[PDB]
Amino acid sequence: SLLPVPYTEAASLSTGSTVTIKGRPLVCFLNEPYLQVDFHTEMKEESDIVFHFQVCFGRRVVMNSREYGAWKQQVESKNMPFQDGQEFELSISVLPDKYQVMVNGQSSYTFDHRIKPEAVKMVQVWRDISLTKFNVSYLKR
């Protein structure tokens, strides 16, 4: 039972928040489907991006921020724990100094805070996936 994609949810983050996503690539890895997760400063999709996470399935991952409309220093990883044809579970944790990205229970990517996570007002999940689960935790002070 699938959420609409692109998926937009208002959100707040601080140290101890987790964003958990469960989905499936729409097509085989040979065709290089993408997944993107963006942490935005406003509900508007043209707003700045505290954390940009983009998977080219089978190839690579890039992370960046978009600050006053401009992309900053791109970070690239060849790490590819995602499995061709499989549902994945992605969890993004706010640590004190960085985001930690777990794929199917394995630490795969981290990204030091360029902007306080308190700036985040919105998460968008989009590109070439079906989405069965999206959750932000809110238990912590």
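All residue numbers refer to positions in the sequence shown, first residue = 1.
The PDB entry reports B-factors from which the mean C-alpha value can be compared for 29 to 37 and 71 to 79; the larger average falls on 71 to 79. For the segment pair 131 to 139 and 3 to 11, the entry gives 131 to 139 the higher mean B-factor, averaged over Cα atoms. Out of 50, 63, 55, 90, it is 90 whose C-alpha atom has the highest B-factor in the PDB entry. When all modelled residues of the chain are sorted by CA temperature factor, residue 112 is found within the lowest third. The entry lists a Cα temperature factor for residue 43 that places it in the highest third of the chain's modelled residues.
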